[PDB]
Structures are given as C-alpha cells and as structure tokens.
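Taken together, the values in this text are just the output of simple stated rules run on the coordinates, not laboratory data. Reconstructed Cβ throughout: ideal geometry from the backbone, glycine too, with neighbour counts over all protein chains shown.
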Number of protein chains: 2
Amino acid sequence: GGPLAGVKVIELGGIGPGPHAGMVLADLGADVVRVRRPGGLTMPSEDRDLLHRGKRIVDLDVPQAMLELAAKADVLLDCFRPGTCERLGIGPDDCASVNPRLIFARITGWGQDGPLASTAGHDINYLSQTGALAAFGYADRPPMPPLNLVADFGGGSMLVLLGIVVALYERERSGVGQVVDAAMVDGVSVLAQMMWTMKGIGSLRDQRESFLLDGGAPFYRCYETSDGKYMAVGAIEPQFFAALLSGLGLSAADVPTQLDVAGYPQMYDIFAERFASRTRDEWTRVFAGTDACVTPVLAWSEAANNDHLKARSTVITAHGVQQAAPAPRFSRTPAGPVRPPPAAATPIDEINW
Amino acid sequence: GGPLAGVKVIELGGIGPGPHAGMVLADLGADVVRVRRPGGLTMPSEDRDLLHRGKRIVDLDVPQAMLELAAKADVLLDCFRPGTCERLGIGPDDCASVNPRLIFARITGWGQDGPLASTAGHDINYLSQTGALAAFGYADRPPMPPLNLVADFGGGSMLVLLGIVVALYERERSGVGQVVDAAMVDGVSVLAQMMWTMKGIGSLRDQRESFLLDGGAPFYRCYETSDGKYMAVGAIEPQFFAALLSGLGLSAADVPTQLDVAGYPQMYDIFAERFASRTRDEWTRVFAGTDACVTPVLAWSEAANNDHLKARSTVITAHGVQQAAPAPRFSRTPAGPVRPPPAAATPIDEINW
C-alpha cells in the first residue's frame, strides 16, 4: 500500500502547504494524522476537504501530552508560524529528546530565520519578494498571481515534501532524523533558476511580455477563438512552429519568421486573426494529434472529462466528488485507491503507534 | 556533503524539468552525471547553465555501451519522449536486467500511457488540459502562463524529484528499485487539488476573477503605485484585512466589508485609489513589519538584493553570477556550497562507479 507505507506523520497547522503535503504523504501510503483543536473553524468541513483524504483527524489542543505522540511518530509536519511551535511544549529540541529518529519538517513562506520570518503573508506575497511575480501577466495591467500554485504548492508543499522524503532517506542510513526548513520564498526561487540562468546570460529584458515564456512571443501564448474560448499555443521548436503555421492555414512566406522578433507584433495579429475565425472545437480537431503544440484551454469541468486525463485516470471521481489521482506513479509499489477524508475524528488511544 | 550524498544519477534528456531535477539532486549531494551527444546544440552553453551546476557532462551518443553505466548507477533520469528511451539500447526492461537496484525515473508532460503521450508539447500546453490555465489571468484578455513554473518545475521537476527520493526510500528497504512515471499533467492536477475541493463544494464560478485567489477579491491582488511600480496585497484573514485598511489610511466604515462581495468592485476602486497615490517605496515603509500582508513586487534584479532573501541567503552570488541557493534546508546534513556548472566534459572512464 504505497512506497511510503509505515511512515508515521503528524500534521499540525491547517492551511495550504501544510495539509496539501500531508495529503500526498497519505496518497503515497504514509500513516498521516492531523492534530488540531476541536473548535476548529476550518472551511470546508474537514470531512469534505480533499487535502485530508486518507488522513485521520485527532482533537488535541496544545496540554503538551503530544510530545508523547511524536516519540512514536517518524515525521512531524509543523505548519505554524516560526516559534509558535516551540513556544508550546513541542519543538525541534524537545522532540529530539523524546525521539532522535524524528523528522521535524517546517513549511513557511518566509522560512525560520530572517526579518520577514515573523511577518504574516500568503502565496501572492512570497512571490512578490522572489521576483517571479513581477514577471507575470500583461505589460499594462498589474501582475496577476496564478492562484496559489506557485508558492503554496509548487514551491511550498512540494518543497517540504522533497525535504521530508529526503530527510527520510537520510536518517534511513544515518539512523538519526533532523530538522527540515522549507521556505516558500526559497522553493519559488529554485523554481525560477532557469530565469536566473537567463538573467546572467542577458536573455531577459526589463519590461514584461518580452521573454520567450512570458507572452513576448506570439508562438507561445493564448488566442481567443470564435466561440469566445481559448487555445493554447506553444510552438517553440522550429519544427513545431511549422505545424502551427500549417494547420493554421498559413504559408511560411505569409507570416514573419521566428527569428524576426521585430515583426512579432505582426505575427501576433496574423495568429490572432486566424485563431479567432473558428471555434475551439474545430481548432482542436485541426491541430489534433499533430506536434503543433496547440491544445484547447479546458476548464475544470471540461478537464475532468478530458479523454487523455481520463485514460491515464489523472482526474478521477472517487467516492463522492471529482479529484486528482495520487502522483507520481510507481510501477511496483503504486498508490492504493484513494480513501475519503476523515468522516469523523478518531479518538487518540486508538492510534497504532 | 548533502543528504543525498552517494546517489549515482544519470541525466539524459536536456530540457526544462529533466535537468532542473538533476540540479536539485546535485544540490543535495547526489553524484549527477549528464549523458548527451557531443554535437549538442544546447542554449546556453552547459558551462553557463545553472541547471547543471555540480553535475558532470559526458559525451556519449546513444552505441548502447551505456547499459554498462546504469548498472553501476542508482538513478536514471529519462527525459526523452516516451518510447525513444527504450527504442535505443536503454529502457526499463534492459536496465532491470543489468541492475534491479536502479530507479528508472521519467518526466513527461503527458506521461507514458495515453493518446497524447506521443504528442509534443510545453508547459503552457500541459496546463491547458488540467484546467489550471483556464483559471488564470484577467477575464477579458486570454489566459497568460506563469512562465513555465507551474508544470515544468512546480509539477514536473518537483514531481519526478519526489518520485525519485521516494523510490529511493522504497528500494532502500525493498532492496529493489522500480520505474517512476512523473507526468506534468499529473503533478499540476495534484497542485490544483485545492481547486478540485472547491469545485465539488461549489465555491467556484464559471468566469475568471471570481474566486478568492484569482483576483476576484480586491484584498488579494496587485495595485499599481504612483511611480508605476506594484504592490502585492493578500490581506485574506479579517485581522490582516484590518492592517491593510489601517496602513492604507482608511476607516473600516469607509470601505465595504470583506463579506460585502457585491461591493467588491467599489472596494477595488478605493484600494486602487489610495495605493496609486504613493510610491512603492513609501508604501513598503508603511506596511513594513505589519501583518497587513502587503509587500512590494520586486523584479529579478531587485530581489537578488532584497534584505530578507539576502539574510536567509536564498539568492546568492556563487562564483560567477546570481542564482538560487539549494533547498530545502537540512539541520544536520545541509547542502554543501554551490559548485559551478561543468567547465568541460569529463572523460567517461574517470567516473567513480
């Protein structure tokens, strides 16, 4: 039942990255157990939060009697502000005494140390300091955050997840766990390495919509269709640019060359023109199966019924509602079928550890 | 020297997710070795690509004499289209024979199985199928991709990274490795779980700029300042919304209530008004240190010199140019200082395995 089967995990804070990491841990077979006060004002109801599926809720106001729990656990996922966790009985030091095999993970937007460390903030904020946000969106309108996928999960949840499974492989040889500091601002900055590479090389400019991946290239952006929908183009490689020009019913000689940056504004118009003369459906048909790198922008509802995502069963309907199947996928020790979120809190003495 | 010290890794494909994962592996102590044909047309020169720092390049056209290499290695990071890897000598099967301890990781946008599997595509494309892209940007203009941070790295590089370190912990007990299928469309969908949760709960609407994290809430977006800069606001919690309203010099009674969604359009104007009457600098001073969740949107250049990111040394200047320090951070087995990208390809018989 999952490659991470047998791993005892203790989830504390209940928001964004914290719980999302917990989820994956459970999805991969780990025995995850949330610890939170009963008067929880969580939204939605835990029993309806896909971020808690496969987990077990346990009332336990922090009464330091939990140090007794950690000692039996492998991982402790701290999700509170820095310090608060050690302000109470629990903490990297205390836990160390009760269990030196413990993996003290900590997901934060600012990290443990630093001036901003005490400051409160969210995904949009952490992205403001890294410079990633300032490289998003159209030139005129202010920067618009990609929901909270970049910092909270892409560079938050995944970061602490990486750190945990790594701190596991470590102690699984050093026989001793340690503290893992997962800072969102850190993760995002690493997710942006390619940009830094560019920045040093001189491939970046000052204004937005100038780079290759920020809309500055007509062959890598979105075009509205006749029926008010959208198509996503990413014809980067010259070979794929060919396909794009082909299915679009355009002769290479008609449209400027990829190299003719100066004529991009014109290429955009030619692309916008053609793309808006048909419906997403028709277009999807045309570029279908070709290496043109042209796909239809699907909505949540639309995606869950997508042929590909269905075949590979990425978005499945597990007892209840539509959701995302565990990932990545393992060949010999795959993830068992998805269990539902905790229908009701489990006692505490009915643990297992 | 890193928690992943001693891990033999073989990097094949050389684009986006593949090499970015390889980097982190090296950053964490792993012995990563890239294998690619000599006539490589890579951009930029490998010796100037931060995604290759701490790694070793090795000329080796695929001449199946590499199966002999895998057998000594722990991980094989396949980054080619599905099939191509097994179309040559190498492949999950063949490698299994020479080394059953091998971890055959595979990062793909569409994954191994599925109709689209053979189709070519990029970050913007993979995001179009999951439905995450259709939830990005302003309502009028088409969706604009957050560079390639979401799919390529946030749900690509990190996914295969997770899969690997997990497959390591697995075999590090089952004494047998396996195949890891990291599909970007898969990772992104898991990065979007929160959304799916919302989708089933009924918190999502059909149009954009309607949810809490997509700009539909004036207290969670960006505002242009007097000096044409931008400030990122994320005052979600009522307590923080207070601070926002305070430093902004507004009386609770002046601006509509968070609950008065119908008056959001108005709240937006009041926020845009005040925010645009001062410079990012001044504003940064005002909301500085307060839990208002109001920060300045910094550009790449500006971020590298940011006080916080400097203290925690997130963006450091390693021998040469500016880049992102390793992550996450470990307390007993931290990451050694960052080495530079391969100055020159290393032979092949000078390996170590």
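A simple rule links phi to the HN-Hα coupling: the Karplus curve 6.51 cos²θ - 1.76 cosθ + 1.60 with θ = phi - 60°, which for the stretch B:221-227 gives 5, 10, 10, 6, 9, 4, 7 Hz, with x for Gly and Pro. Think of the protein assembly as shown as a dipole: +1 on every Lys or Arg Cβ, -1 on every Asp or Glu Cβ, centred on the Cα centre; then among A:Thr279, B:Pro347, A:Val185, B:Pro347 lies furthest on the positive end.
Which value, in nm² and rounded to one decimal, describes the direction-averaged projected area of the C-alpha convex hull of the stretch B:1-149? For the stretch B:1-149, averaging the hull's shadow over all directions gives 10.7 nm². The other copies place their A:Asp47 label points at 6.5 nm from this one, listed shortest first, where each point is 7 Å from Cα along Cα→Cβ. Computed over the stretch B:201-287, the Cα gyration tensor eigenvalues convert (square root of 5λ each) into semi-axes of 22, 15, 11 Å, ordered from largest to smallest. Whole angstrom only: what separates the Cα centroid of the stretch A:187-215 from the Cα centroid of the stretch B:330-346? The two parts, judged by their Cα centres, are 22 Å apart. Inter-chain Cβ neighbour count for B:170-177, averaged per residue, equals 4 (cutoff 10 Å, partner chain atoms only).
Within the straight-line cut-off of under 26 Å between alpha carbons, the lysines reachable from B:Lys72 are B:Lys8, B:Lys55, sequence neighbours fewer than 8 places apart in one chain being disregarded. What separates the Cα centres of the stretch B:5-45 and the stretch B:229-302 is a distance of 43 Å. Considered as an equivalent ellipsoid built on the Cα gyration tensor, chain A has semi-axes of 45, 24, 17 Å, the largest given first. Size of the protein assembly as shown from its Cα atoms: along the principal axes, largest to smallest, the extents are 65, 58, 52 Å. Think of each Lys and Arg Cβ as +1 and each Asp and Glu Cβ as -1; about the Cα centre, that makes the dipole of the protein assembly as shown roughly 800 debye.
Among residues of chain B, the one whose beta-carbon sits closest to the B-to-A rotation axis is listed with its distance in Å as B:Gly154, 1. Between identical copies, the spacing of B:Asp59 label points, each set 7 Å from Cα toward the C-beta atom, reads 7.1 nm from nearest to farthest. The eigenvalues of the Cα gyration tensor, multiplied by 5 and square-rooted, give the stretch A:245-353 an equivalent ellipsoid with semi-axes of 47, 15, 14 Å from largest to smallest.
Taking a straight line from the alpha carbon of A:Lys310, these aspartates and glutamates sit under 12 Å away, with near neighbours fewer than eight places off in the same chain left out: A:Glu302, B:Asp113, B:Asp186. As a length-normalised measure over Cα pairs under 8 Å and 6 or more apart, the relative contact order of the stretch B:98-147 settles at 20 percent.
Position B:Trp353: other-copy label points at 3.4 nm, ordered by increasing distance, label point 7 Å along Cα→C-beta.
If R0 is 41 Å, what FRET efficiency do you get for A:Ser174 and A:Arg87 from their C-beta distance, rounded to 0.05?
Numbers: r = 29 Å, r/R0 = 0.71.
Efficiency, rounded to the nearest 0.05: 0.90.
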